[PDB]
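What follows is a pair of forms of the same protein chain, given separately as structure tokens and numbered structure 1 and structure 2.
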Structure 1
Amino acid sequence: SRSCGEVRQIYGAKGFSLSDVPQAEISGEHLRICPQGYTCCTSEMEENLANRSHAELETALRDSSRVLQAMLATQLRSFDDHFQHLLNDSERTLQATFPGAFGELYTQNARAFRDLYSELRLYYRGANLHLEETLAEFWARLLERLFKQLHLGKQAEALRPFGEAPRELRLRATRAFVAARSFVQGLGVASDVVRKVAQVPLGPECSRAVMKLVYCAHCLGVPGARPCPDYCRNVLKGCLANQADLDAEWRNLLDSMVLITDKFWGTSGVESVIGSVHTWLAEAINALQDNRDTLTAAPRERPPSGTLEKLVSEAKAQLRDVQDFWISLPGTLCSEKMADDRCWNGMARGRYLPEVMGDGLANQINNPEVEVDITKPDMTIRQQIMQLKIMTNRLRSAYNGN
């Protein structure tokens, strides 16, 4: 009713000077952002409120992004730590139980096994290695020394003195270790992408659009009004479009990542080789000492649910939950922090007629609330899309045994 007392309240409680707000409505000819009409807002008040709304949206965005980063980091640490512990507990179990069973056979060769575990370790960490060739070399030297303590051209390979254990170990390790490494690496790349995209600032366009969205209701004399859901969604879809462009490759990455988890195990019944290597080694040694005089001429059931299995289930739940993130941002921010027949449509309290825009940069060309340039995409987002592409390629090749 042309008394600005309510607006004076809100402006003052937001920590701005009460000096600048008039007692009655004045001509809004001076308004740059808000639709020109009789208003309680001074230009001062207008730019201040715009700045504030901008800051608020930024804070929201960074909050969401930080939540996502937190989740991804947690998953990363979890899987890395568990893989490494599995390898490690395998080695320590080997060191503990081997001298008893195999005696001097292991006792004299221990450096070979230690070195092998070191090789597997370096491989998981992403060093360049041919695991096939490494294992082959290992079996060659080990066979040499073992044959020497049992009592050049070697007939031995193709006479399979160690049995099927070397083959099993080769296949299983080759699959599982590249699976694990690729998965962890994928988590890392996801985290980095989110962290880098969070840094991309909002433009002046988005600023004026958000100001018109939020506090222009107050300026035009209807401060009790809160934005219509479709209005807010259009404004945010216009602001976040470049971020929305990440959707495709984000989804591809996450899909390939929930795909690669299946390769942590071979086909059914046997526990993952990643923690069970020592076991196949023992199998091989036993098979050799079984073949000792002809040459002179333990892989336990998989538990119904194991640690790695539970971690994988939880992780797949998380990834399935966050796959829609980039396009889910506007609805999420609008639902939680930004917003009953009559609501603020931006010219008055009423209905918002305009149809909601589609996702992505290109779809914002006709966006009524915000003016967006679709010709030049944000190239940071583009960089990150490239990263997603590359990591996805790595994971797809890893899934194919490549």
Structure 2
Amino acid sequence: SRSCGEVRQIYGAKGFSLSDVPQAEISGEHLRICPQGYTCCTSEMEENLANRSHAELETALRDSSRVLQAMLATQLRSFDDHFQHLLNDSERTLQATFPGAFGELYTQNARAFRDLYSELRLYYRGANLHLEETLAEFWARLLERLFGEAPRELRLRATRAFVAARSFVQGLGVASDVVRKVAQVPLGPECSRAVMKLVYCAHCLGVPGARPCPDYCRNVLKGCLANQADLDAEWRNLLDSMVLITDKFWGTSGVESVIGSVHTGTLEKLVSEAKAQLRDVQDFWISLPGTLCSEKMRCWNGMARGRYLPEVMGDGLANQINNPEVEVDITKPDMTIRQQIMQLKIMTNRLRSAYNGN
């Protein structure tokens, strides 16, 4: 008892200097973060351990962000490349059948057809948002190069198909960007305090083998990630809209059939997998506290070993007003996070609009 051996062992395994560690327990009068009591930690050790815990939590968060980003990027690239390939192969089928099938009108107008397809690619890329004018001019210089009353319907169908595809890809890209920018938001100093007291203060108070209580760590991380948790609602909204817009991919007027029919398996599986991934990460913004506590981090409640009494806080900034472990100013939001929320709102609007109308 009262020996600093084990704490010295752990503090040494951290790579830190072994000169700064006391032989036995000293007075904890000097401890700023950890509750003051007989301890094996000097102020030096306290600061060092604090820095360590903070850097570790940072690393975990950044890792989660990297995983999510990678997934969304993969989905994005997949759907984008496929949507490109459908049209490109519609053009290859075109060039294969059409000249061999019928008259010199085609072979003379071939560059005009190529320009039509290229303009459709520009429409899909979002470089040109009005296809009515470009189509009307296509028919104008096709007429002046001479295609019945129909297919004016192909205009409408291509419109509603291509806007759906573009909206889905844009959605994936936007989610990816939101995650990207939010990931660079730094942790608060009070959050760093609470985290230190969550992790290494157990070591400092003489219980180095003690495990942090689940509700305790939970409240701490809900205190730290409170701003990130505000993204929940709009995130779910965007994901819901992205799940919705894939319904337009199917049917004779469906996106697939339309992008394939411009001359007149796969995407289904991709859409299924996408649905799986999105329904997996719908919980993302509020899931972090529960995830990091259950994996990377009878029990240590922050004072001593024992039960953790306080009940777990709700998700979001405002619900942290009474947070026992960390002190949150709910009057100050993170403006970056709020901006990203706005972005989510915008893209969600675009997707809803794309779903039910013009």
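For numbering, take structure 1's sequence and count from 1. Between two forms, the rigid core is the largest collection of C-alphas that superpose within 1.5 Å.
Superposing the rigid core between structure 1 and structure 2 leaves a single residue from 198, 122, 259, 270 with a C-alpha shift of at least 2 Å: 270. With the core held fixed, the Cα of residue 314 is displaced between structure 1 and structure 2 by less than 2 Å. After superposition on the rigid core, displacement of the C-alpha of residue 141 between structure 1 and structure 2 amounts to 2 Å or more. When the rigid core is held fixed, the Cα atom of residue 73 travels less than 2 angstroms between structure 1 and structure 2. Taking the core as reference, the Cα of residue 105 moves 3.5 angstrom between structure 1 and structure 2. Fit the two forms on the rigid core and the C-alpha of residue 167 turns out 4.2 Å off between structure 1 and structure 2. The two forms line up on their rigid core, and residue 397 then has its Cα shifted by 0.7 Å between structure 1 and structure 2.
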